[PDB]
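Asker: Shown below is the structure under consideration.
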Amino acid sequence: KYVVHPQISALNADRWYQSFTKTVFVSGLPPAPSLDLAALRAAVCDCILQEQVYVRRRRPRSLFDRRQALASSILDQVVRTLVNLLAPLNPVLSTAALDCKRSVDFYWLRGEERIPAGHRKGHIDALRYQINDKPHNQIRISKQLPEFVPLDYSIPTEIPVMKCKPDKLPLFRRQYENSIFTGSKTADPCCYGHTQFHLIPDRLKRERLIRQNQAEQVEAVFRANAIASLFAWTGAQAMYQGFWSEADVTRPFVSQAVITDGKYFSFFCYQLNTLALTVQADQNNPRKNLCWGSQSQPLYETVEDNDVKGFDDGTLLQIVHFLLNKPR
Amino acid sequence: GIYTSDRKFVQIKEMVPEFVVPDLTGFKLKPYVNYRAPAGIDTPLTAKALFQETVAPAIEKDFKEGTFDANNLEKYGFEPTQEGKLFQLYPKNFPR
Amino acid sequence: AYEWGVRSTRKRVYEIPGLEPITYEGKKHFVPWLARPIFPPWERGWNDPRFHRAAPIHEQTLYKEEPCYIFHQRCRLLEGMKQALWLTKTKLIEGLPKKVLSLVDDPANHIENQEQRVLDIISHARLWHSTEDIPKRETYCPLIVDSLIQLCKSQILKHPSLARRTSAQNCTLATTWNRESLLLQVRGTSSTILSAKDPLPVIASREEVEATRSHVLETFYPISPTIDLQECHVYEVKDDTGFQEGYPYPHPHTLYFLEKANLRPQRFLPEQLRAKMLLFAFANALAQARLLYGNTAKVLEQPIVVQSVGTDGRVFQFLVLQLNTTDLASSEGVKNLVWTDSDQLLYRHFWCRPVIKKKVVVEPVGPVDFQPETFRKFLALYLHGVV
Amino acid sequence: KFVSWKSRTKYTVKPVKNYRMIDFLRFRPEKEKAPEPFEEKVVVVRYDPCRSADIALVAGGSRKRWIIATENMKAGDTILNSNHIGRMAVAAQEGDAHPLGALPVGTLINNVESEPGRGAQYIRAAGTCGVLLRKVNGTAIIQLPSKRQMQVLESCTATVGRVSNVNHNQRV
Amino acid sequence: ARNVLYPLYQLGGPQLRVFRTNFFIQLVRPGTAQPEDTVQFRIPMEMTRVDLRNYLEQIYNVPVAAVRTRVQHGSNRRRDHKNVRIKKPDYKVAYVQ
Amino acid sequence: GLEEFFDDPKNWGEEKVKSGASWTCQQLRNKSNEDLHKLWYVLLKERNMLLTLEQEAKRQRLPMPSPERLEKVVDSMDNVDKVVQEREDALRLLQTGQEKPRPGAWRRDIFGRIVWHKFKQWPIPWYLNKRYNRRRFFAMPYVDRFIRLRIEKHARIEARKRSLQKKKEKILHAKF
RNA sequence: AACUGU
RNA sequence: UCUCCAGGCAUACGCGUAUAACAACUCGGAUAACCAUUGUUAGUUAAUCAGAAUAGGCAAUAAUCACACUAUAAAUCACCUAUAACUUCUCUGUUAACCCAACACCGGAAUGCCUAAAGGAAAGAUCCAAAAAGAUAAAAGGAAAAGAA
RNA sequence: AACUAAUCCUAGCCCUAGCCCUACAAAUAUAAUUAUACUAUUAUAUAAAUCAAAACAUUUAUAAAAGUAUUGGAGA
């Protein structure tokens with residue numbers, strides 16, 4: 001089966017993933033307790049200064065992971081403090097489960113092909129795929145999030161269709177275990193989740209992509225990772241609820257995801273309407289999966305001395321909105 | 001490039017050739033020549049011919065003027081060593 | 001047979017005056033019919049790190065004749081507790097501080113369904129967290145501590161004052177001090193150094209601090225105090241609190257040290273862990289004192305209190321250290337006060353899979369002989385200084 | 001010219017990738033001790049893959065080192081090592097390393113050396129014991145496992161007792 | 001440039017510049033199905049994909065997004081009248097987006 | 001540009017494309033050093049297009065129009081290189097006197113033959129290069145017998161050559 | 001010994 | 001479409017174009033059909049799959065869900081202290097019904113998954129000879145069931 | 001006048017004479033033919049026996065004087 005990388009540099013990678021998943025990605029955010037928003041900036045300002053300028057740690061030997069390591073530390077701290085500061089306002093977070101770099105697995109079949117040669121020449125074989133993703137952080141709750149749009153919602157925007165085979169684009173089929181995983185076992189009470197946090201590597205970062213001339217694909221890299229992770233993660237929960245392709249979900253599965261390149265931050269929302277992507281189960285289904293994503297935005301400008309400059313609350317507001325949101 | 005420890009490739013920018021492309025705009029020399037064009041009698045350039053064309057006039061003028069000496073042979077174009085030039089005639093250190 | 005010399009190694013013409021023998025140097029290669037040339041040292045024209053060799057310690061410019069003994073995580077003291085007390089000039093009181101014990105006596109401190117939540121966390125930390133049937137200590141031991149800290153951190157609802165502290169990530173603690181003219185250095189890392197804007201309350205009164213003068217550090221003839229320490233002749237004098245100057249929370253509340261080695265031979269003994277904690281905890285407190293009071297040697301008027309917790313995921317060790325003196329040159333006088341609670345078992349055993357014996361499920365997927373008291377002692381340390 | 005598999009820089013008592021580095025020179029004066037009677041603790045009696053007899057881990061003072069185990073050597077035992085040649089015999093316990101001048105006649109010994117400073121080369125196998133046949137002043141007679149009775153100077157070091165697997169010769 | 005000697009590099013050495021290029025490449029219609037932006041090239045086996053990227057960008061001023069290259073084994077089954085195996089010249093196929 | 005890899009759209013489908021004579025050596029010599037470098041790429045660009053067109057013809061199982069065009073370009077390209085090499089050779093000889101761009105010398109192999117050994121640049125010297133010393137540039141004593149055989153083999157070849165001539169002479173008499 | 005198309 | 005059969009799929013090793021399309025119907029398949037033969041052209045796409053700095057100091061305690069519990073058969077670089085370097089994605093492998101057995105051999109061939117959703121056809125035609133081989137059935141009998149010596 | 005077949009003349013060789021001789025690129029001794037460091041680097045004994053002595057043992061060749069004297073299990 002094909003091995004799919006949630007973060008990839010392929011052209012139109014978001015389109016390729018959507019075609020396999022039947023996900024429609026509408027630009028922008030999905031249609032829809034005060035905590036001293038200024039206080040978070042000051043607390044976040046300290047957190048950024050804490051790791052960058054105050055904490056003392058052994059320098060990495062590689063000298064190339066230093067930039068990547070620093071971005072992870074600041075993101076983890078902000079998340080840790082944000083959970084504590086938001087805990088009094090939202091008791092749900094106290095009962096919520098936060099996952100640190102745990103893997104999401106999903107396995108599904110889309111498309112078909114006929115064997116052209118070999119002992120099985122002429123036999124029709126379905127295209128097998130797998131996405132394994134390890135979001136930087138993700139929040140898992142025991143209650144489904146409020147739906148962002150009614151089930152069966154139809155919009156003019158259409159799912160992509162891929163001219164070439166998945167093999168033609170770099171994607172290699174390998175035989176190994178098929179896994180569908182929510183980030184935790186079925187035993188874990190938190191079979192739902194609120195938001196997913198992703199950190200893009202340096203190779204896929206904006207600076208390198210612009211140099212590579214794939215500036216337009218920077219959002220595609222953002223889109224591809226979000227769609228892959230959320231669909232793979234969301235589908236697992238519905239499987240944890242007993243729903244599969246022929247037993248498609250009776251209630252849409254909804255959640256959020258945020259992808260940051262270290263400086264810019266992007267916010268993504270996914271709703272899973274169809275578990276049926278096999279030809280048999282998809283033979284009779286008018287539903288489609290809907291994804292809503294926002295463009296990546298900087299969270300702060302620069303770090304000078306012991307005071308960070310240019311912090312953008314607008315990105316922080318979205319995090320505050322996401323953290324405060326709770327099931328209805 | 002060079003492969004470091006753990007078999008990890010590290011591209012060496014110096015060892016990666018840079019294609020120096022001539023400016024062909026306005027250049028009258030093309031893939032072919034007319035059958036109209038007569039061929040020239042071959043006169044390959046040699047060390048003696050190059051010396052005669054370039055070095056001989058300078059020495060001849062200086063010798064008549066008397067301002068010739070062994071110390072100033074490099075002035076007429078002698079290179080004691082090829083080191084320091086991007087293109088070294090011997091040992092050859094440049095790609096075509 | 002004993003071999004003197006490594007067992008691995010075991011199973012005229014030129015002198016003539018007036019002429020020089022010919023050699024194959026002109027050939028540029030060896031030929032049997034020519035003599036071996038004499039080759040001077042080769043000059044590459046540039047310095048290669050791959051072929052560069054670090055000079056011996058004595059040749060270093062930073063070389064110092066006096067030996068500086070450096071203690072790190074892997075260092076294991078032969079005498080364990082006794083050596084640590086002598087090196088740190090501290091007096092030991094068994095059990096946790098009286099205040100810490102009183103913290104959890106308050107019903108509000110106790111977490112809602114504390115035992116059940118801990119039981120669920122232990123099961124999650126051991127089995128549910130990963131897809132592996134039997135996760136190893138290298139994985140679950142870091143996770144269980146993080147989950148317990150989050151469970152304790154969730155108490156911010158009950159006590160908003162807990163927002164005044166934050167936890168770093170494996171900060172570096174280091175100090176250099178002299179004991180009976182012996183140069184001692186402690187180098188520490190790991191932990192999340194939980195730091196608060198205010199120092200932890202002093203556990204012992206000044207009268208008790210003066211009482212420590214009677215206490216005498218135990219000696220262990222014939223072994224030297226510097227045993228098991230890395231003898232260093234090239235070193236720099238440094239004092240490190242784990243944070244650069246200007247850190248909003250200058251006072252460290254607790255210093256955590258974890259041993260996640262799956263194999264018992266790979267796991268340090270509980271006595272050694274506490275000895276490592278003592279030196280590392282002492283260094284962090286000393287760095288604070290030196291920064292506050294300078295490098296002068298004197299009895300501290302205001303003691304500095306720091307805590308340390310050491311656990312391997314099944315056994316938990318709780319350590320509280322109070323720094324009462326900076327005059328550590330002498331072995332007699334005011335001594336630091338340390339409170340120790342050791343061998344606190346969260347659970348005797350955990351089965352990562354359901355144990356079916358004689359077609360009967362004798363053991364569920366959960367801790368065996370679980371002791372909630374250990375978490376309460378852990379909870380007491382975390383809440384101490386706030387409630 | 002063959003790359004040695006014993007590539008560890010420093011002598012250690014931990015198993016080495018396992019192989020344990022053994023020391024057959026029993027009396028090496030450890031740090032913080034004079035060349036006089038000093039005592040060591042037999043921490044653990046393990047088995048050496050590269051030697052027939054099982055090795056006893058001897059730890060004394062500031063130094064830890066592996067050694068061959070005698071017949072009755074076990075974990076937790078205290079073993080004495082003395083270089084001093086007293087006018088009267090020094091107290092002898094099974095496995096302790098003393099000069100043959102210290103040892104009394106008739107004691108079973110092992111890990112003996114033919115020449116002073118040679119190091120242990122005989123009675124290092126399982127169940128082998130050398131009898132101190134005779135002792136006079138600075139000379140002693142040791143019956144080696146080769147059946148060769150040899151006379152050596154008192155400077156030679158002898159470890160009392162038979163080697164482990166005492167009934168190896170009695171195997172049927 | 002192929003069938004030529006390139007200078008050995010040492011630390012601080014000059015940047016490698018090829019003023020005249022002996023590499024000759026052929027654009028070939030895709031035998032397999034490929035995206036339209038993708039272009040196949042038959043190139044000397046000693047050329048690197050970076051060289052092709054530099055080659056197209058500099059000589060032909062062509063912007064390149066991605067490059068994928070494969071080596072096609074030349075059949076040696078064919079034999080001559082003397083029963084001596086004939087080997088098809090191996091060629092490298094480069095997929096350039 | 002991509003279009004440069006292909007022929008003129010008008011020329012597509014033509015039996016042949018009108019092209020002139022290839023560059024001669026003397027004309028290239030008359031051209032300047034900078035001009036020669038510029039010309040090589042201009043010559044190369046057509047060659048790649050012709051090679052590009054030829055491969056498509058092979059794919060389509062079709063003939064290449066005006067195949068002489070490729071030969072003419074190669075002749076022009078080859079003539080350029082010798083002219084450039086001649087100028088480099090002349091200057092190299094003057095400044096250094098070396099008849100070869102690369103250092104080399106005559107060395108004896110283990111078979112007793114004398115062959116030109118081109119020296120290789122190494123980061124380390126030969127004496128500290130054990131592998132280079134490991135390389136054998138010396139002939140073994142037993143090669144003397146082979147040397148005698150080589151001389152005998154050469155004599156045998158001449159004897160066989162005379163036999164070859166004799167048989168040819170016979171037929172000359174028979175034919176005439 | 002029985003058993004059975006031995 | 002029907003009748004019937006039930007080890008299938010990956011990697012390793014090996015092979016090296018036997019791969020696929022087209023065109024041939026002579027040779028090769030241990031006979032044809034059909035191609036595995038003959039000729040022509042195509043093919044196997046990788047930052048992710050696979051292949052391709054140094055000197056010192058210093059390490060007691062198996063595993064077995066490792067805890068209890070014992071045991072004998074005895075089973076574990078790191079990290080510190082300094083020195084040195086200072087911004088990287090190329091090259092190569094990737095096809096196939098394939099290999100070792102003189103063969104399209106009958107057997108030999110490492111590992112993981114799984115047992116039909118995967119993989120397959122015993123019938124060149126006609127006749128219904130005898131004899132021969134294998135299998136099934138036995139009126140009555142039971143060596144002309146599995147127990148004893 | 002038949003099918004299978006057959007037909008042919010040079011490919012070249014052989015012996016003396018004469019004559020001695022002194023005439024692409026790229027990769028390679030590492031694992032030869034592997035574009036740059038590793039690891040130091042290397043042939044050759046009386047010629048024997050077979051054989052003859054009908055076996056086998058000392059022994060057994062390889063211009064005239066003259067196959068003579070001498071030598072030899074005085075025998076080949």
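Naming works like this for the structure tokens: A, B, ... for the chains as they're shown, residue 1 at the start of each chain, ligands 1 onward in shown order.
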Once you count only C-alpha atoms, which residues of chain C turn out to be within 6 Å of chain A? Could you give them as a ChimeraX atom specification?

Answerer: /C:128,157,171-172,242-244,247

Asker: Put those residues in a file: N, CA and C atoms, as a PDB file, in the first residue's frame.

Answerer:
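Now in part37.pdb:
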```pdb
ATOM      1  N   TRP C 128      -2.232   2.450  28.094  1.00  0.00           N
ATOM      2  CA  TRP C 128      -3.063   3.108  27.089  1.00  0.00           C
ATOM      3  C   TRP C 128      -2.304   4.157  26.288  1.00  0.00           C
ATOM      4  N   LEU C 157      -7.089  25.484  39.575  1.00  0.00           N
ATOM      5  CA  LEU C 157      -8.461  25.921  39.811  1.00  0.00           C
ATOM      6  C   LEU C 157      -8.700  26.169  41.294  1.00  0.00           C
ATOM      7  N   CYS C 171      17.185  22.452  32.849  1.00  0.00           N
ATOM      8  CA  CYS C 171      18.154  23.514  33.058  1.00  0.00           C
ATOM      9  C   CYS C 171      19.431  22.959  33.686  1.00  0.00           C
ATOM     10  N   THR C 172      20.519  23.708  33.524  1.00  0.00           N
ATOM     11  CA  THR C 172      21.837  23.296  33.987  1.00  0.00           C
ATOM     12  C   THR C 172      22.163  23.999  35.300  1.00  0.00           C
ATOM     13  N   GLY C 242      20.552  27.545  36.660  1.00  0.00           N
ATOM     14  CA  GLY C 242      19.652  26.996  35.670  1.00  0.00           C
ATOM     15  C   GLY C 242      18.985  28.020  34.778  1.00  0.00           C
ATOM     16  N   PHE C 243      19.118  29.309  35.083  1.00  0.00           N
ATOM     17  CA  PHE C 243      18.533  30.363  34.269  1.00  0.00           C
ATOM     18  C   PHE C 243      19.518  31.517  34.160  1.00  0.00           C
ATOM     19  N   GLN C 244      19.433  32.242  33.049  1.00  0.00           N
ATOM     20  CA  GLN C 244      20.203  33.465  32.903  1.00  0.00           C
ATOM     21  C   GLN C 244      19.641  34.548  33.819  1.00  0.00           C
ATOM     22  N   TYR C 247      15.739  36.233  35.069  1.00  0.00           N
ATOM     23  CA  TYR C 247      14.626  35.304  34.940  1.00  0.00           C
ATOM     24  C   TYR C 247      13.502  35.716  35.889  1.00  0.00           C
TER      25      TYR C 247
END
```

Asker: Could you give me, as JSON, numbers by chain, each residue of region 156-274 of chain A that DSSP assigns to alpha helix (DSSP H) when run on this structure's backbone?

Answerer: {"A": [206, 207, 208, 209, 210, 211, 217, 218, 219, 220, 221, 222, 223, 224, 225, 226, 227, 228, 229, 230, 231, 232, 233, 234, 235, 236, 237, 238, 239, 240]}

Asker: Write the residues of the selection above to a file with N, CA, C and O atoms, as a short mmCIF file (atom, residue, chain, number, x, y, z; two decimals), in the first residue's frame.

Answerer:
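As a result, again.cif now contains:
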```cif
data_model
loop_
_atom_site.label_atom_id
_atom_site.label_comp_id
_atom_site.auth_asym_id
_atom_site.auth_seq_id
_atom_site.Cartn_x
_atom_site.Cartn_y
_atom_site.Cartn_z
N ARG A 206 8.74 28.41 4.88
CA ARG A 206 8.44 29.41 3.85
C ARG A 206 9.70 29.87 3.14
O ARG A 206 9.71 30.02 1.91
N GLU A 207 10.78 30.11 3.89
CA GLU A 207 11.99 30.67 3.29
C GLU A 207 12.54 29.74 2.22
O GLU A 207 12.85 30.17 1.10
N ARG A 208 12.68 28.45 2.54
CA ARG A 208 13.19 27.50 1.55
C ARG A 208 12.23 27.34 0.39
O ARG A 208 12.65 27.28 -0.77
N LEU A 209 10.92 27.27 0.67
CA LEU A 209 9.95 27.09 -0.40
C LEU A 209 9.96 28.26 -1.37
O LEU A 209 9.87 28.07 -2.59
N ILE A 210 10.07 29.49 -0.85
CA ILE A 210 10.17 30.65 -1.73
C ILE A 210 11.43 30.57 -2.57
O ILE A 210 11.41 30.86 -3.78
N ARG A 211 12.55 30.18 -1.96
CA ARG A 211 13.78 30.01 -2.73
C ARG A 211 13.61 28.94 -3.79
O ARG A 211 14.10 29.09 -4.92
N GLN A 217 2.89 27.11 -3.05
CA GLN A 217 2.66 25.83 -2.40
C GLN A 217 2.89 25.88 -0.90
O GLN A 217 2.64 24.87 -0.22
N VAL A 218 3.36 27.01 -0.36
CA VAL A 218 3.52 27.12 1.09
C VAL A 218 2.19 26.87 1.78
O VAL A 218 2.11 26.13 2.77
N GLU A 219 1.12 27.47 1.26
CA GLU A 219 -0.21 27.17 1.78
C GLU A 219 -0.62 25.74 1.45
O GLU A 219 -1.29 25.08 2.25
N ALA A 220 -0.21 25.24 0.29
CA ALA A 220 -0.50 23.85 -0.06
C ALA A 220 0.13 22.89 0.94
O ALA A 220 -0.50 21.91 1.35
N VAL A 221 1.37 23.16 1.34
CA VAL A 221 2.00 22.37 2.39
C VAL A 221 1.20 22.49 3.68
O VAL A 221 0.96 21.49 4.38
N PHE A 222 0.77 23.71 4.02
CA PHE A 222 -0.10 23.90 5.17
C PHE A 222 -1.40 23.12 4.99
O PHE A 222 -1.85 22.42 5.91
N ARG A 223 -2.02 23.24 3.82
CA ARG A 223 -3.29 22.58 3.58
C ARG A 223 -3.15 21.06 3.59
O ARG A 223 -3.97 20.36 4.19
N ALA A 224 -2.11 20.54 2.93
CA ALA A 224 -1.96 19.09 2.83
C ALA A 224 -1.80 18.45 4.20
O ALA A 224 -2.43 17.43 4.51
N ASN A 225 -0.96 19.04 5.05
CA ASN A 225 -0.74 18.48 6.38
C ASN A 225 -2.02 18.52 7.21
O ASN A 225 -2.36 17.54 7.89
N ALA A 226 -2.73 19.64 7.18
CA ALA A 226 -3.95 19.77 7.97
C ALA A 226 -5.01 18.77 7.52
O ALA A 226 -5.61 18.07 8.34
N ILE A 227 -5.25 18.69 6.21
CA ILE A 227 -6.27 17.78 5.70
C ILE A 227 -5.90 16.34 6.01
O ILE A 227 -6.74 15.54 6.44
N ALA A 228 -4.63 15.98 5.81
CA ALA A 228 -4.19 14.62 6.08
C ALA A 228 -4.36 14.26 7.55
O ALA A 228 -4.92 13.22 7.88
N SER A 229 -3.88 15.13 8.44
CA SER A 229 -3.93 14.82 9.87
C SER A 229 -5.36 14.76 10.38
O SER A 229 -5.75 13.80 11.06
N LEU A 230 -6.16 15.78 10.07
CA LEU A 230 -7.50 15.85 10.63
C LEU A 230 -8.39 14.74 10.10
O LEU A 230 -9.10 14.08 10.87
N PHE A 231 -8.37 14.50 8.79
CA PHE A 231 -9.16 13.41 8.23
C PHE A 231 -8.71 12.07 8.80
O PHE A 231 -9.54 11.25 9.21
N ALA A 232 -7.40 11.83 8.81
CA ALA A 232 -6.89 10.58 9.37
C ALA A 232 -7.27 10.45 10.84
O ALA A 232 -7.68 9.37 11.29
N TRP A 233 -7.13 11.53 11.60
CA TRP A 233 -7.45 11.49 13.02
C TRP A 233 -8.96 11.42 13.24
O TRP A 233 -9.45 10.63 14.05
N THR A 234 -9.73 12.25 12.52
CA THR A 234 -11.17 12.27 12.72
C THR A 234 -11.80 10.94 12.34
O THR A 234 -12.69 10.44 13.04
N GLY A 235 -11.36 10.35 11.23
CA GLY A 235 -11.92 9.08 10.81
C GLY A 235 -11.72 7.98 11.84
O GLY A 235 -12.57 7.11 12.01
N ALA A 236 -10.58 8.01 12.53
CA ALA A 236 -10.30 6.99 13.54
C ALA A 236 -11.33 7.03 14.67
O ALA A 236 -11.77 5.98 15.15
N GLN A 237 -11.72 8.23 15.10
CA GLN A 237 -12.71 8.34 16.16
C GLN A 237 -14.03 7.70 15.74
O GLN A 237 -14.65 6.95 16.51
N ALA A 238 -14.48 7.99 14.52
CA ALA A 238 -15.72 7.39 14.04
C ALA A 238 -15.60 5.87 13.98
O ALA A 238 -16.56 5.15 14.28
N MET A 239 -14.42 5.37 13.60
CA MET A 239 -14.16 3.94 13.70
C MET A 239 -14.20 3.49 15.16
O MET A 239 -14.68 2.40 15.47
N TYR A 240 -13.68 4.32 16.06
CA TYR A 240 -13.80 4.03 17.49
C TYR A 240 -15.24 4.06 17.96
O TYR A 240 -15.55 3.48 19.00
#
```

Asker: Mind checking which residues fall within 10 Å of residue 78 (chain B), counting only C-alpha atoms (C1' of nucleotides), ignoring those fewer than 2 positions away in the same chain, and posting them as a PyMOL selection string?

Answerer: (chain B and resi 55+72-76+80-81) or (chain F and resi 91+94-96)

Asker: Using N, CA and C atoms, can you export the residues from the last selection as a PDB file, in the first residue's frame?

Answerer:
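After the write, selection30.pdb holds the following:
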```pdb
ATOM      1  N   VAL B  55      55.283  37.498 -27.912  1.00  0.00           N
ATOM      2  CA  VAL B  55      56.472  37.762 -27.108  1.00  0.00           C
ATOM      3  C   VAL B  55      57.581  38.375 -27.953  1.00  0.00           C
ATOM      4  N   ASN B  72      63.831  40.614 -16.233  1.00  0.00           N
ATOM      5  CA  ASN B  72      62.558  41.081 -16.765  1.00  0.00           C
ATOM      6  C   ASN B  72      61.964  40.125 -17.792  1.00  0.00           C
ATOM      7  N   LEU B  73      62.370  38.853 -17.780  1.00  0.00           N
ATOM      8  CA  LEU B  73      61.759  37.894 -18.692  1.00  0.00           C
ATOM      9  C   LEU B  73      60.285  37.695 -18.366  1.00  0.00           C
ATOM     10  N   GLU B  74      59.934  37.731 -17.079  1.00  0.00           N
ATOM     11  CA  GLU B  74      58.530  37.629 -16.694  1.00  0.00           C
ATOM     12  C   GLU B  74      57.722  38.807 -17.219  1.00  0.00           C
ATOM     13  N   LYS B  75      58.366  39.958 -17.426  1.00  0.00           N
ATOM     14  CA  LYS B  75      57.663  41.102 -17.997  1.00  0.00           C
ATOM     15  C   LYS B  75      57.150  40.778 -19.394  1.00  0.00           C
ATOM     16  N   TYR B  76      57.947  40.056 -20.185  1.00  0.00           N
ATOM     17  CA  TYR B  76      57.519  39.657 -21.519  1.00  0.00           C
ATOM     18  C   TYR B  76      56.464  38.559 -21.498  1.00  0.00           C
ATOM     19  N   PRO B  80      56.627  31.999 -13.773  1.00  0.00           N
ATOM     20  CA  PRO B  80      57.439  30.985 -13.078  1.00  0.00           C
ATOM     21  C   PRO B  80      56.621  29.801 -12.594  1.00  0.00           C
ATOM     22  N   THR B  81      55.396  30.041 -12.132  1.00  0.00           N
ATOM     23  CA  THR B  81      54.501  28.979 -11.703  1.00  0.00           C
ATOM     24  C   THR B  81      53.091  29.301 -12.174  1.00  0.00           C
TER      25      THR B  81
ATOM     26  N   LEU F  91      50.363  28.176 -25.037  1.00  0.00           N
ATOM     27  CA  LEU F  91      50.708  28.950 -23.849  1.00  0.00           C
ATOM     28  C   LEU F  91      51.300  28.060 -22.763  1.00  0.00           C
ATOM     29  N   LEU F  94      54.981  27.398 -23.510  1.00  0.00           N
ATOM     30  CA  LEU F  94      55.839  28.557 -23.298  1.00  0.00           C
ATOM     31  C   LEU F  94      56.110  28.774 -21.814  1.00  0.00           C
ATOM     32  N   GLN F  95      55.052  28.835 -21.005  1.00  0.00           N
ATOM     33  CA  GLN F  95      55.220  29.194 -19.601  1.00  0.00           C
ATOM     34  C   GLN F  95      55.905  28.090 -18.806  1.00  0.00           C
ATOM     35  N   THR F  96      55.648  26.823 -19.142  1.00  0.00           N
ATOM     36  CA  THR F  96      56.159  25.702 -18.366  1.00  0.00           C
ATOM     37  C   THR F  96      57.006  24.720 -19.162  1.00  0.00           C
TER      38      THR F  96
END
```

Asker: Given a cut-off of 12 Å, which residues of chain F touch chain C, counting only C-alpha atoms, written out as a PyMOL selection string?

Answerer: chain F and resi 105-110+117+119-120+122-141

Asker: Enumerate as a list in words the residues belonging to chain B that approach chain H to within 10 Å, with only C-alpha atoms (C1' of nucleotides) taken into account.

Answerer: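 The complete set of qualifying residues is residues 1, 2, 3, 4, 5, 7, 8, 9, 10, 11, 12, 13 and 16 of chain B.
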
Asker: Can you tell me which residues surround residue 169 (chain D) at a distance of at most 12 Å, considering only C-alpha atoms (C1' of nucleotides), apart from same-chain residues fewer than 6 positions away, and format the answer as a JSON list (two decimals) with N, CA, C and O atoms, in the first residue's frame?

Answerer:
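Result file follows (part-v6.json):
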```json
[["chain", "number", "residue", "atom", "x", "y", "z"],
["D", 125, "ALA", "N", 42.66, -22.93, 36.55],
["D", 125, "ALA", "CA", 41.56, -23.73, 36.03],
["D", 125, "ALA", "C", 40.64, -24.17, 37.16],
["D", 125, "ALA", "O", 40.98, -24.08, 38.35],
["D", 126, "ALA", "N", 39.46, -24.64, 36.79],
["D", 126, "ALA", "CA", 38.46, -25.05, 37.77],
["D", 126, "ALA", "C", 38.89, -26.34, 38.45],
["D", 126, "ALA", "O", 39.24, -27.32, 37.79],
["D", 127, "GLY", "N", 38.87, -26.34, 39.79],
["D", 127, "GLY", "CA", 39.18, -27.52, 40.56],
["D", 127, "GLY", "C", 40.66, -27.80, 40.76],
["D", 127, "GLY", "O", 41.00, -28.83, 41.35],
["D", 128, "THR", "N", 41.54, -26.92, 40.30],
["D", 128, "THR", "CA", 42.98, -27.11, 40.45],
["D", 128, "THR", "C", 43.45, -26.44, 41.73],
["D", 128, "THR", "O", 43.12, -25.28, 42.00],
["D", 129, "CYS", "N", 44.22, -27.18, 42.53],
["D", 129, "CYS", "CA", 44.79, -26.66, 43.77],
["D", 129, "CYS", "C", 46.26, -27.04, 43.85],
["D", 129, "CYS", "O", 46.62, -28.19, 43.59],
["D", 145, "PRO", "N", 49.70, -27.53, 38.63],
["D", 145, "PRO", "CA", 48.81, -28.55, 38.04],
["D", 145, "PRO", "C", 49.49, -29.42, 37.00],
["D", 145, "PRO", "O", 49.01, -30.52, 36.72],
["D", 162, "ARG", "N", 41.36, -23.99, 46.99],
["D", 162, "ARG", "CA", 41.23, -24.56, 45.66],
["D", 162, "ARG", "C", 40.34, -23.67, 44.79],
["D", 162, "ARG", "O", 39.55, -22.86, 45.29],
["D", 163, "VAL", "N", 40.47, -23.84, 43.48],
["D", 163, "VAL", "CA", 39.63, -23.08, 42.55],
["D", 163, "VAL", "C", 38.22, -23.65, 42.55],
["D", 163, "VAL", "O", 37.96, -24.77, 43.01]]
```

Asker: If you run DSSP on the backbone, which residues of chain E are strand (DSSP E or B), as a list in words?

Answerer: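 So, restricting chain E to strand (DSSP E or B), we get residues 17, 18, 26, 27, 28, 39, 40, 41, 42, 43, 67, 68, 69, 70, 71, 72, 79, 85, 91, 92, 93, 94, 95 and 96 of chain E.
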